[PDB]
Every structure is written in C-alpha cells, then in structure tokens.
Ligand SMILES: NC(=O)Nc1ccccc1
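The chain below stands alone and is given in structure tokens; this is the form deposited without ligand PHU.
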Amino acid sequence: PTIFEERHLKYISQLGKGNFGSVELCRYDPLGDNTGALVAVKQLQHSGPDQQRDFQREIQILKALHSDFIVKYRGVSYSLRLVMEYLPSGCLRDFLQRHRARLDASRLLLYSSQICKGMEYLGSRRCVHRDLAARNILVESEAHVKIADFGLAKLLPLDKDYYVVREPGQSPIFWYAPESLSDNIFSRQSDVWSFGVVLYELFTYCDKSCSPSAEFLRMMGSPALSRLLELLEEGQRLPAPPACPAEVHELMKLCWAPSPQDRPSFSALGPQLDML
C-alpha cells in the first residue's frame, strides 16, 4: 500500500504549490481501467539541496502523524514523490472568500476548534509546523478542515523545547512571532502566535484588502523584516475584524503576547473556543 508504483499513478491535473515543490491530482489505478482512488501527489521539480533535505523530513514527519485534522500521508513513489489524501474542496483561504455569504460565525468557530485540536496533537508529538496559515489549511467538507504543508515542519530537539533555524525566511513574515523574526527561534509558542493570525484570517474570511500583509504594510510605511519587528515590540497588532465576537478577539491578543510563556497553550485555547 505505502509503495506506490510510478506507472500506475495517472496524472489528472495540477492542484497547487506549498512552500516548496508542487502538488498534482492523480488517479492511482493499478488495474488500468480508471476505477482507482484520487490522490494528492507532491514532488520537487525545480529545487536545491536544502529543499530536498526538507522534503525527506516532511515525509517522515507526516507519515508518523495521526489525526482527523492533519492531512493523511498515504505513501511514497520512487524521482521521489509524496502521496497524500485528496480533499476535493481545496484550501480554506479560497473557500472562505468563495462562500462568505453562507458561512456564519459559528462555522468559523468550528474551523478554529478543529485547527486547535490538530495543533494540540502536533504539540504532543513535539513537532513545530513553522507555517500555520489559511493557505496551508485544507477543506474536506463544509464541517471539516485539516492542517497541511509540513515542508518547513521540525521536530524539537530531545533536550530542548525550541528550535533555532539557521535559514532566514522561507515563508511570509506576517505570521511570524517576534522571537522568530529577531532570533529565528521556533517553538509551540510561536505556532500559537500564528494561530492568532489564522483566527484573524477566518474572521475576515481571508479578505485580501484587510489581510495580515495588507494591514501591517500600511503600518510599516514608506528593511521590511526589521520594521515589522519594531511595530510588534512597540505593541502594534492586527485590529479587531469587522463584526468579530469580542471573546474571539481577546484570544487573538493572548496568542500575540510579547513573551512566549505568557501565550496560552493549545490545550487551554481549546475549551475557551468550544464554550462560546
């Protein structure tokens, strides 16, 4: 099952690109009569040595994760390719923009709860995502979302609860916490910072004009990394989204606490979301 033969993976269409590589919709059909299962196949076409090493790490991390709110690993094909389950409604960013009129606050709260449970589990496995955002969240159906794109994901060292990355910025800066911007320090607490921005994204329906980049860029005014750092250290944050519940906005601000240890854990965030 885990060893997918390359000749049986029949290409259908393109899906998109994560942090590195690209993903394709394929039908794995060994019987050769297109009666097989649709799957999501990731590969690296135009990639350096650094991205190849990250990909080997992504495969092993995702293979080991088992949650209802984390995209399932199916197997591998060797030209190394990662086979994942296919979620036909796509990513949440586009889903919220497309179906803005139909999706009320209670539904946004359900996605927040499911993502939080996924991240709580990811914390128990001592794994840091490093790129938690609406673009990397997939949609199974109207009542079910999963976390995806584990390319930048790291396991914490056996003796520490934080990871210092040597590389600078493989993702957009507007989801990073202060200690990641200033010192490249990543942890479960920096993932909680990013969850606050995801909460902001949900409750703006990923509207482009009031996105994290759009809002912060106006504050930064006429180095982009250093200016963002200054704003965050001075106490500047994303505003309350229009028509956002007050209780949800207070949780965002707790997720954006200056010190990592003052941010709540995903285990403490879970009940607070579910009781609204």
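One rule holds for the numbers: they count along the sequence shown, beginning at 1.
What comes next is about the form deposited with ligand PHU bound, which is not displayed.
The putative spot formed by 126, 163 and 186 is not touched by ligand PHU in the entry with it bound; no residue has a non-hydrogen atom within 4.5 angstroms of it. Across the options 240-248, 224-232, 46-54, 27-35, residues that bring heavy atoms within 4.5 Å of ligand PHU in the entry with it bound belong to 224-232. Although the partner is absent here, residue 193 is a contact residue: one of its heavy atoms lies within 4.5 angstroms of ligand PHU in the entry with it bound. Proximity of residue 205 to ligand PHU in the entry with it bound: non-hydrogen atoms within 4.5 Å are absent; the residue sits far from the partner.
Among residues of the shown chain, residue 266 is not one whose heavy atoms approach ligand PHU to within 4.5 Å in the entry with it bound. Proximity of residue 219 to ligand PHU in the entry with it bound falls within the 4.5 Å heavy atom cutoff.
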